[PDB]
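Structure file entry_23.cif; described as mmCIF, C-alpha atoms and all ligand atoms; chains and numbers go by the auth columns.
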```
data_final
loop_
_atom_site.group_PDB
_atom_site.id
_atom_site.type_symbol
_atom_site.label_atom_id
_atom_site.label_comp_id
_atom_site.label_asym_id
_atom_site.label_seq_id
_atom_site.Cartn_x
_atom_site.Cartn_y
_atom_site.Cartn_z
_atom_site.B_iso_or_equiv
_atom_site.auth_seq_id
_atom_site.auth_asym_id
ATOM 1 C CA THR A 1 5.961 -1.738 20.815 0.00 14 A
ATOM 2 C CA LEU A 2 3.587 -0.295 18.190 0.00 15 A
ATOM 3 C CA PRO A 3 4.166 -0.784 14.455 0.00 16 A
ATOM 4 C CA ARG A 4 2.255 1.862 12.464 0.00 17 A
ATOM 5 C CA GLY A 5 4.667 3.863 10.272 0.00 18 A
ATOM 6 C CA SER A 6 5.578 1.436 7.465 0.00 19 A
ATOM 7 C CA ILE A 7 2.168 0.911 5.819 0.00 20 A
ATOM 8 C CA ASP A 8 2.062 4.638 5.023 0.00 21 A
ATOM 9 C CA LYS A 9 5.704 4.631 3.860 0.00 22 A
ATOM 10 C CA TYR A 10 4.995 2.796 0.582 0.00 23 A
ATOM 11 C CA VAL A 11 1.704 4.153 -0.810 0.00 24 A
ATOM 12 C CA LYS A 12 1.264 6.698 -3.630 0.00 25 A
ATOM 13 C CA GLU A 13 -2.363 7.878 -3.392 0.00 26 A
ATOM 14 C CA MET A 14 -3.185 9.738 -6.629 0.00 27 A
ATOM 15 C CA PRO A 15 -6.024 12.279 -6.853 0.00 28 A
ATOM 16 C CA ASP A 16 -6.844 10.766 -10.248 0.00 29 A
ATOM 17 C CA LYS A 17 -8.334 7.790 -8.368 0.00 30 A
ATOM 18 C CA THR A 18 -5.160 5.693 -8.508 0.00 31 A
ATOM 19 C CA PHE A 19 -2.537 4.167 -6.188 0.00 32 A
ATOM 20 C CA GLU A 20 1.159 3.271 -6.544 0.00 33 A
ATOM 21 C CA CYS A 21 2.592 0.818 -3.994 0.00 34 A
ATOM 22 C CA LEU A 22 6.076 2.319 -3.480 0.00 35 A
ATOM 23 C CA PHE A 23 7.248 -0.969 -1.916 0.00 36 A
ATOM 24 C CA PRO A 24 10.637 -2.076 -3.271 0.00 37 A
ATOM 25 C CA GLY A 25 10.173 -5.115 -5.529 0.00 38 A
ATOM 26 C CA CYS A 26 6.425 -4.471 -5.845 0.00 39 A
ATOM 27 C CA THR A 27 4.826 -3.448 -9.163 0.00 40 A
ATOM 28 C CA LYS A 28 1.047 -3.289 -8.606 0.00 41 A
ATOM 29 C CA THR A 29 -1.086 -0.122 -8.771 0.00 42 A
ATOM 30 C CA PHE A 30 -4.670 0.210 -7.479 0.00 43 A
ATOM 31 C CA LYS A 31 -7.390 2.893 -7.403 0.00 44 A
ATOM 32 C CA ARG A 32 -8.909 5.171 -4.739 0.00 45 A
ATOM 33 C CA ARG A 33 -9.460 2.484 -2.078 0.00 46 A
ATOM 34 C CA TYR A 34 -8.096 1.175 1.245 0.00 47 A
ATOM 35 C CA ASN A 35 -7.456 -2.338 -0.046 0.00 48 A
ATOM 36 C CA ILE A 36 -3.850 -1.927 -1.220 0.00 49 A
ATOM 37 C CA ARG A 37 -2.993 -0.823 2.336 0.00 50 A
ATOM 38 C CA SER A 38 -3.893 -4.331 3.532 0.00 51 A
ATOM 39 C CA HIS A 39 -1.830 -5.590 0.581 0.00 52 A
ATOM 40 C CA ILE A 40 1.222 -3.930 2.196 0.00 53 A
ATOM 41 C CA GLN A 41 0.547 -6.225 5.167 0.00 54 A
ATOM 42 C CA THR A 42 1.261 -9.425 3.233 0.00 55 A
ATOM 43 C CA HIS A 43 4.225 -7.400 1.973 0.00 56 A
ATOM 44 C CA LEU A 44 5.987 -7.369 5.349 0.00 57 A
ATOM 45 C CA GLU A 45 3.819 -10.098 6.918 0.00 58 A
ATOM 46 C CA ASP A 46 5.747 -13.228 5.879 0.00 59 A
ATOM 47 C CA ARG A 47 7.052 -12.979 2.295 0.00 60 A
HETATM 48 ZN ZN ZN B . 3.033 -3.693 -2.958 0.00 101 A
#
```

Just give me the structure as structure tokens.
Amino acid sequence: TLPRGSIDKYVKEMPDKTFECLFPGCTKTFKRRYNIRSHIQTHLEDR
């Protein structure tokens, strides 16, 4: 009754100011920011 352990199961935060969405099928990398996290929402939101 509380989903909150999948958004942090596919994120590779790099100390070089980078990000690697570890989602299976995904292939987009971002930088030090909390925007890709919301991107993981559309990941398991409907697609
Ligand atoms: Zn992704």

Skip stretch 34-44 of chain A itself and residues of its chain fewer than 5 positions away, then list as a PyMOL selection string all residues within 8 Å of it, counting all atoms listed in the file. chain A and resi 22-25+49+53

Students should find that atom CA of residue A:54 and atom CA of residue A:18 are spaced 12.0 Å

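Atom CA of residue A:48 to atom CA of residue A:14 spans 24.8 Å [interatomic distance, one decimal].
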
Inset, instruction - Go ahead and compute the interatomic distance for atom CA of residue A:31 and atom CA of residue A:17, in Å to one decimal. - result: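 Separation of atom CA of residue A:31 and atom CA of residue A:17: 22.6 Å.
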